Amino acid sequence: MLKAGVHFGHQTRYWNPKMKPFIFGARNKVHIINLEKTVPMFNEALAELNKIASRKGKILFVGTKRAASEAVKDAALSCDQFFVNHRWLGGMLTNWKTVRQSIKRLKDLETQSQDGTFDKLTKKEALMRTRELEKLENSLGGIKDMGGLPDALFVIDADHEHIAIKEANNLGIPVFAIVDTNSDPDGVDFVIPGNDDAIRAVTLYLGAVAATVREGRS
Amino acid sequence: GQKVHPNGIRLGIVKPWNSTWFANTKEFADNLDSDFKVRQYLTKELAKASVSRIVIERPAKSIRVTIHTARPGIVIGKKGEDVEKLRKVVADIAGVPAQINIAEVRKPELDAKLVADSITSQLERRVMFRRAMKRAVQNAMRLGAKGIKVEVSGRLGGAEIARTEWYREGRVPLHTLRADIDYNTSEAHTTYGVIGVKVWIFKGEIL
Amino acid sequence: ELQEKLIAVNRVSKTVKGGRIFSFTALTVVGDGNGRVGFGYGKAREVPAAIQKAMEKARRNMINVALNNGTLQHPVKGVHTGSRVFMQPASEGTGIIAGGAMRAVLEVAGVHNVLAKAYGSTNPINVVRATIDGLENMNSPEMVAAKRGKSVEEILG
RNA sequence: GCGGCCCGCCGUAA
RNA sequence: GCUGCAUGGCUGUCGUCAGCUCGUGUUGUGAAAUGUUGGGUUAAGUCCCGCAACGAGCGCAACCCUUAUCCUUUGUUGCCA
RNA sequence: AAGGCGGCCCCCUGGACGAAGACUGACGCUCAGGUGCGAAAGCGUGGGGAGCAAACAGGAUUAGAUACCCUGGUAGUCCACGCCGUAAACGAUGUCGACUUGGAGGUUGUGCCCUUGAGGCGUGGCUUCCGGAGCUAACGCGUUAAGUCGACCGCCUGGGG
RNA sequence: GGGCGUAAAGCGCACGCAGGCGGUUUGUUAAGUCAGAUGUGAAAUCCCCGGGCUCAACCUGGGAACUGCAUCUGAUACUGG
């Protein structure tokens with residue numbers, strides 16, 4: 001908008017040449033992103049997400065970078081959506097049928113957990129069951145109670161999470177990644193240029209999306 | 001020769017004996033011989049029936065025989081005339097008086113002996129062995145079991161070396177003593193020699 | 001409704017510490033008889049398993065082509081690793097005269113009159129790509145007219 | 001851093 | 001009586017060595033690969049961490065027998081404070 | 001141009017590049033037959049000869065050892081003037097010209113700006129290493145193409161013989 | 001309507017005669033090229049439309065074809081002078 005609440009690219013030697021249209025003049029040894037062509041398509045993407053949420057699209061959030069972790073887990077579970085926070089497993093979409101069993105095991109174990117040591121006092125087994133529950137909840141916490149095959153994905157870092165992008169392209173699901181100067185627009189994507197590691201930037205990104213999605217239901 | 005007999009290794013833990021009686025040195029040999037004779041004669045006679053297991057117990061001055069089967073009607077007949085003939089013949093074989101009992105097999109697709117000789121009977125009618133093996137495995141898995149393994153070995157039509165095949169899915173742990181494994185074998189004589197068949201069934205782990 | 005064809009099956013080996021282990025591969029083609037067709041390739045230890053595994057693989061992979069009364073108006077050629085394929089429209093009354101897997105592909109596609117011919121190497125797996133080779137890179141009149149910013153009647157004339 | 005030590009009859013699993 | 005080079009059944013050995021595979025998903029035109037590799041550990045593909053892989057099966061370990069310590073019950077044909 | 005060229009100094013001599021300006025006006029590209037230049041070894045005539053060293057002679061090692069190892073050692077290696085015309089003479093890639101996303105260096109010129117300083121902007125030539133599309137049987141090549149094109153020339157047609 | 005980095009295949013490297021190929025306007029020529037026309041290109045054979053032998057092989061009527069060559073008239077965008 002006008003606060004310029006987003007930083008810009010990394011360096012002029014780590015850059016994908018496909019981003020020439022989106023680039024501005026680089027001055028301080030680093031690339032500068034043209035903000036004059038970031039507002040309109042951002043608003044278009046927001047409208048698209050609004051109409052999808054009005055269609056109960058079950059949006060999905062990703063972006064594991066140790067920075068967006070808590071941010072995306074707060075933006076999710078806020079309106080009506082799900083999220084992925086750690087260690088995107090290869091095949092959550094192309095091999096969802098196998099991940100269903102892991103979800104079922106997690107459901108069983110969380111039901112058993114609330115009365116865990118009552119069933120048996122052999123402390124070794126209780127300890128290892130709790131340890132494996134902890135090991136299992138981090139990779140499936142945000143997706144446990146979702147139907148399956150979401151209708152939209154929002155990605156924070158494009159090149160860093162290319163596995164999810166490839167899976168989405170294979171399945172045929174629209175995606176809404178954010179592309180920096182060292183990434184490239186490859187899939188069918190509503191492209192949002194701008195920095196992706198600045199906390200203010202990512203917060204500004206997710207606030208509008210969360211508000212739009214929560215409005216879309218009503 | 002690598003595998004220990006699955007039934008023998010478990011006789012003291014989770015499996016019962018087939019013959020149960022007490023005797024001393026002077027009667028051991030003849031007791032065993034009489035048991036062998038009666039078991040062989042009964043197995044020969046009831047070939048057309050569905051006989052699974054024969055249990056022989058010796059009351060003090062008598063012999064008690066129980067037969068497990070899946071079609072008790074044929075063995076027991078219209079009236080009890082056939083069982084009377086069998087009792088007369090058995091009391092002939094062993095001098096002591098005899099009494100006959102009949103058991104019932106609820107799920108014939110279990111109790112591997114019946115599956116084994118069913119497959120052999122199918123093989124005698126010149127049918128493809130793969131169909132028979134798959135049929136039996138699918139039936140056993142459908143009726144409810146945590147594991148099954150079948151195998152056939154011998155001259156399967158070709159002149160080359162006797163080929164061996166086997167199918168298995170589920171769990172068939174052989175190194176656990178707690179497991180309830182039911183195992184039996186059979187053989188079929190064809191125009192190209194004999195064919196061996198072995199079956200393992202995992203009814204369920206026992207605490 | 002879907003029509004399926006089986007092209008070829010062959011035995012494949014692999015060496016291990018104890019000897020050699022064998023496996024089979026199956027190549028099948030599937031089409032709707034109207035202009036949509038796909039192919040699949042599967043591997044297994046027993047022949048029926050590979051046969052069934054190729055089928056749904058072909059089913060999920062489908063493309064559509066636009067024909068015209070049983071052919072189109074493009075003498076087209078397609079190339080792959082070592083295969084050259086030439087196909088051209090036939091007037092009428094003729095059939096699907098073609099050597100190997102091209103016959104099955106053009107039959108399931110929905111074509112009834114063609115004058116195909118194959119050059120180069122002729123192993124089945126690469127020549128089956130005749131689908132991807134030229135079938136979908138064919139242009140109908142209306143699409144050309146729309147792309148060139150013109151009308152169909154004067155595109156033909 | 002460096003002493004030496006050669007050969008293996010003919011065909012032959014689906 | 002002949003044929004273990006027409007067979008079933010039953011044995012020896014590598015070797016009580018720690019390995020051997022499968023389903024689904026991806027990569028390659030294909031034979032195939034991935035998982036089973038990488039860091040640290042263990043008697044061990046025994047375990048944690050990382051990782052386009054996610055899980056399973058036969059194996060390993062445990063359930064079996066005997067020996068080493070105590071406590072109840074019973075006390076002859078066994079024992080004697 | 002290729003074969004190739006390394007102490008220092010003098011004499012004779014060829015080519016390439018950059019900056020600015022002037023001049024002639026298609027005067028160009030390729031090239032069968034022809035001509036010239038080609039490492040090392042080798043040949044002829046005349047010199048020279050320290051080191052090294054085919055041939056050769058001894059000592060070992062070995063079942064044998066016309067070899068590898070040790071002690072010697074002639075032609076040759078050097079100079080002048082003539083022959084020879086072959087090499088894994090290899091980037092195993094013929095010569096010209098045009099077009100097509102990028103990074104990290106080396107070397108040698110030149111313009112501007114505070115020319116402050118080892119500074120900052122450009123702009124030519126020649127060379128190393130990664131890598132995109134594309135091409136390829138694959139390996140790989142990738143603005144110094146094995147990518148997209150044009151002109152001319154030289155070669156190939158199963159393995160042995 | 002094929003190839004020459006490793007499968008067979010780029011001369012060891014240059015100079016250069018005969019040959020092959022030419023950056024851009026302007027003006028002429030109509031050699032190449034293009035359009036008509038005329039004369040030729042035997043008959044038989046092939047093809048097409050027909051006809052007659054009881055049908056068919058077989059015979060026959062008419063037409064296209066004979067891709068060419070020469071001559072005349074015209075066109076001037078592209079090669080050549």
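First the proteins, then the strands, lettered A, B, ... as listed; each starts at 1. Every heavy atom of this structure was used, including side-chain atoms; hydrogens, water molecules and symmetry mates were not.
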Engineer: In dot-bracket form, 5' to 3', how is RNA chain F paired? Count Watson-Crick and G-U wobble pairs only if both distances fall under 3.5 Å, and write | where the partner sits on another strand.
Structural biologist: ...........................|||..|||||....((((((...((...((((.........))))...))))))))...........(((((..((((((((((((.....))))))))))))...((..||)).....)))))..|||.....
Engineer: Side chain of B:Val194 only, heavy atoms from C-beta on: which candidate in E:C63, E:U7, F:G102 is closest?
Structural biologist: E:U7
Engineer: Could you check how far CZ of C:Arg45 sits from P of E:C20, rounded to whole Å?
Structural biologist: 15 Å
Engineer: Can you see if the side chain of A:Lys166 gets near the phosphate of E:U27 - specifically, an N or O under 4.0 Å from OP1 or OP2?
Structural biologist: yes
Engineer: What is the distance, rounded to the nearest whole Å, between atom CG of B:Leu174 and atom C1' of E:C63?
Structural biologist: 15 Å
Engineer: To the nearest Å, how far apart are B:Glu205 CD and E:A62 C1'?
Structural biologist: 11 Å
Engineer: Verify the contact: side-chain N or O of B:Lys198 to OP1 or OP2 of E:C10, cut-off strictly under 4.0 Å; return yes or no.
Structural biologist: yes
Engineer: Do other residues, nucleotides or ligands put more than 12 heavy atoms under 6.0 Å from B:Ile9 CD1?
Structural biologist: no
Engineer: In whole angstroms, how far is the P atom of F:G131 from the CG atom of A:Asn182?
Structural biologist: 19 Å
Engineer: With both distances kept under 3.5 Å, what pairs with E:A32, Watson-Crick or G-U wobble?
Structural biologist: E:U27
Engineer: Output, in order, the C-alpha distance, side-chain angles, deciding distance and verdict of side chain to side chain donor-acceptor pair (under 3.5 Å) for B:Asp182 and B:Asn184.
Structural biologist: CA-CA 7 Å; B:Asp182 171 79; B:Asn184 203 319; over 6 Å; no
Engineer: If we take the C1' atom in both F:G132 and F:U93, what is their distance in whole Å?
Structural biologist: 24 Å
Engineer: Taking the side chain of B:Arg168 as heavy atoms from C-beta outward, which of E:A31, E:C58, E:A52 is closest to it?
Structural biologist: E:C58
Engineer: Would C:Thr25 and C:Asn10 count as a side chain to side chain donor-acceptor pair (under 3.5 Å) if you check the C-alpha gap in whole Å, the side-chain angles of each, and the deciding distance to 0.1 Å?
Structural biologist: CA-CA 6 Å; C:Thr25 71; C:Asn10 63 336; 2.5 Å; yes
Engineer: Centroid-to-centroid, A:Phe24 to A:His31, below 6.0 Å?
Structural biologist: no
Engineer: Output the single nucleotide from E:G25, E:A53, E:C49 whose closest atom is nearest the side chain of A:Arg87.
Structural biologist: E:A53
Engineer: In this structure, are over 12 heavy atoms from other groups packed under 6.0 Å from B:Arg135 atom CZ?
Structural biologist: no
Engineer: Is there a Watson-Crick or G-U wobble pair formed by E:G19 and E:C58, both distances less than 3.5 Å?
Structural biologist: yes
Engineer: Do we get C:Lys43 above C:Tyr41's six-membered ring, with its NZ or CZ under 6.0 Å from the centre and within 45° of the axis?
Structural biologist: no
Engineer: Do neighbours G:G12 and G:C13 have base six-rings closer than 5.5 Å at the centres and tilted less than 30° apart?
Structural biologist: yes
Engineer: Taking only N and O in the side chain of C:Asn126, is any of them less than 4.0 Å away from OP1 or OP2 of E:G30?
Structural biologist: no
Engineer: Between A:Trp15 and F:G103, does any side-chain N or O lie under 4.0 Å from OP1 or OP2?
Structural biologist: yes
Engineer: Provide the Watson-Crick or G-U wobble partner of G:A65, both distances under 3.5 Å; none if there is no partner.
Structural biologist: none
Engineer: Looking at the side chain of C:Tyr41, which of F:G102, E:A31, E:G59 is the nearest nucleotide?
Structural biologist: E:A31
Engineer: Looking at the side chain of C:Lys43, which of E:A32, E:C49, E:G55 is the nearest nucleotide?
Structural biologist: E:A32
Engineer: Can F:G6 and F:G7, neighbours in the strand, be said to stack by the measure of ring centres under 5.5 Å and ring planes under 30 degrees?
Structural biologist: no
Engineer: Taking the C1' atom of each, how far is G:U26 from G:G32, in whole Å?
Structural biologist: 23 Å
Engineer: Any base atoms under 4.0 Å from C:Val12, or only sugar-phosphate, or nothing? Heavy atoms, all strands.
Structural biologist: sugar-phosphate
Engineer: Is C:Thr81 close enough to E:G30 that one of its side-chain N or O atoms is under 4.0 Å from OP1 or OP2 there?
Structural biologist: no
Engineer: How would you label the glycosidic angle of F:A145: syn (within 90° of 0) or anti?
Structural biologist: syn
Engineer: Please determine whether a side-chain nitrogen or oxygen atom of A:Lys135 lies at a distance below 4.0 Å from atom OP1 or OP2 of E:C49.
Structural biologist: yes
Engineer: Checking one value: the base orientation of E:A53, syn if chi is within 90 degrees of 0, otherwise anti.
Structural biologist: anti
Engineer: Looking at every non-hydrogen atom in both residues, tell me the closest pair between B:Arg53 and B:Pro16 and how far apart they are.
Structural biologist: NH2-CG, 3.8 Å
Engineer: To the side chain of A:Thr94, which of E:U26, E:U24, E:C63 is closest?
Structural biologist: E:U26
Engineer: What interatomic distance, in whole Å, is found between P of F:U100 and the corresponding atom of F:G140?
Structural biologist: 29 Å
Engineer: Is the shortest side-chain heavy-atom distance between C:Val30 and C:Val108 below 4.5 Å?
Structural biologist: no
Engineer: Is any NZ, NE, NH1 or NH2 atom of the basic residue among B:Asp111 and B:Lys203 found under 4.0 Å from an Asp or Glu carboxylate oxygen of the other?
Structural biologist: yes
Engineer: Give the rounded distance in Å between these two atoms: CZ of B:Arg178 and P of E:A61.
Structural biologist: 14 Å
Engineer: How about F:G147 and F:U148: do their bases stack, with centres under 5.5 Å and planes under 30 degrees?
Structural biologist: yes
Engineer: Give me the distance, rounded to whole Å, that separates F:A67 from F:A60 when you measure between the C1' atoms they each carry.
Structural biologist: 13 Å
Engineer: Measuring from the side chain of A:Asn95 (C-beta onward, heavy atoms only), which nucleotide among E:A52, E:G8, E:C54 has the closest atom?
Structural biologist: E:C54
Engineer: Look at the side chain of C:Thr25 and decide which nucleotide, out of E:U21, E:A31, E:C58, has an atom nearest to it.
Structural biologist: E:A31
Engineer: When we call it a touch if two heavy atoms are under 4.0 Å apart, what does A:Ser102 touch: a base, just sugar-phosphate, or nothing?
Structural biologist: sugar-phosphate
Engineer: Is the positively charged end of C:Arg11 above the ring of C:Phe24, judged by distance under 6.0 angstrom from the centroid and angle within 45° of the axis?
Structural biologist: no
Engineer: Applying a cutoff of 5.5 Å on centroid distance plus 30° on plane angle, are these adjacent nucleotides, F:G132 and F:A133, stacked?
Structural biologist: yes
Engineer: Can F:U100 and F:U101, neighbours in the strand, be said to stack by the measure of ring centres under 5.5 Å and ring planes under 30 degrees?
Structural biologist: no
Engineer: If you check every side-chain atom of B:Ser153, which of E:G8, E:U26, E:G57 has the closest atom?
Structural biologist: E:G8
Engineer: Which nucleotide in the list E:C60, E:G25, F:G103 gets nearest to the side chain of B:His175?
Structural biologist: E:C60
